[PDB]
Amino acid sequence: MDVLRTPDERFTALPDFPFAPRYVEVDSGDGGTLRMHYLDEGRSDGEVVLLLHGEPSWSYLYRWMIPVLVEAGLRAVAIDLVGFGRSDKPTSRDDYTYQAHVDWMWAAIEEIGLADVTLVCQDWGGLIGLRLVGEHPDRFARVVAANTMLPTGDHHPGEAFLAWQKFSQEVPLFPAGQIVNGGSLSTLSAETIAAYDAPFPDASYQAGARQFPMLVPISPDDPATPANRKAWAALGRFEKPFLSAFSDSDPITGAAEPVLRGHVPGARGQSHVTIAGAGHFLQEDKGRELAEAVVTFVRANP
C-alpha cells in the first residue's frame, strides 16, 4: 500500500497540547510498516486510561481530559488511528476497513505494552475499542463508553447518522475542523479548527477520513457483520466495570445509549452519568467533566 506522512511543521505550536509525540510501528497488512502516533502522560506506574478518538478527529480531542487524569494519579495514553492525527496515512480508501483499524489499533496497544486498561472511547474510538474489548476482554479492567456504539449492521443507524454519512461523501472539500465544530455545542476557536485540519494539508491525506463513514455497518451484509456479532456477544458476557457517560445533545449516538447500557452485564450497579450541555464531540464541550466522571469511576472500582 502507498502511505503518506503529514509533515511535522503542521503540528507546530498547537494550543493547550504540550504533550510530546511518541510513536510505534505496526504491520501495514500487505508487507510494509506504518507509524502510529500516541501520547503517554502521567506516572509511569499509574493505572492506564486509554483514550480513543474517532472520525475525523485525533488525540488533540483529549487535550482537556489528559491533565485531569494525570493530576488524579492515572496514566493517560491516547493513540491516533491510522489515517488521522500524527499517524501515517494510507492513500487509498480501499486500504481502510473495520478489520484493518481493529488490527492496527490492537498492534499499537500491544507494542506500547499496555495492561489492565481503562478504555475511554467515543465515535469510531468505540466502534474499534468496544470490538477490542469483545475480542480481548482480559486486556481491559474497565470501560467508559461515551457517544459511541458497536453496530453489527442488524439495526437502522438512525437519520442523524445517515445525514452525516451523506455529507461526508458529498462535500467537495472535507473540513475536519469545521466537522468537529459542527458536532460541538461550543464555538471552537479558529486555532482549534486549525489543529483539526493540521493532519490534512490536502485531500490526498484524507482517504481514511472519507472512508470511515462508509465502514459503519448499517446492513447485515457488511464485511464487519460476522466479527461484530461475535464481539457483541462477548461484550454481553463482560462482567467487569462498564460506565455509560454519553452526553445529552448528540442525535447521532443518543439512541445507542440504553442498548449498550442494557447489554453489558458489568454496567449493572455502576453510576452512569449523562454529560450535560455537550454535543457529539463531548470532550470539546465538557472534557473536564467527562474526565472527572472517569476518575470517580476508576476510584469506585479499585
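Counting begins at 1, following the sequence as shown.
Here the stretch with the larger average CA B-factor, out of 276-284 and 17-25, is 17-25. 161-169 and 135-143 differ in mean CA B-factor, and the higher of the two is recorded for 135-143. Residue set 37, 53, 240, 63: peak C-alpha B-factor at 240 (per PDB entry).
Of all the options 110, 88, 197, 95, the entry's greatest CA B-factor is assigned to 110. When all modelled residues of the chain are sorted by CA temperature factor, residue 225 is found within the middle third. When the modelled residues of the chain are ordered by their C-alpha B factor, residue 80 lands in the lowest third.
In this PDB entry, residue 57 carries a Cα temperature factor that places it within the lowest third of its chain's modelled residues. Annotation for residue 127: C-alpha temperature factor in the lowest third relative to the rest of the modelled chain, per the entry. Among all modelled residues in its chain, residue 213 ranks in the lowest third by Cα B-factor.
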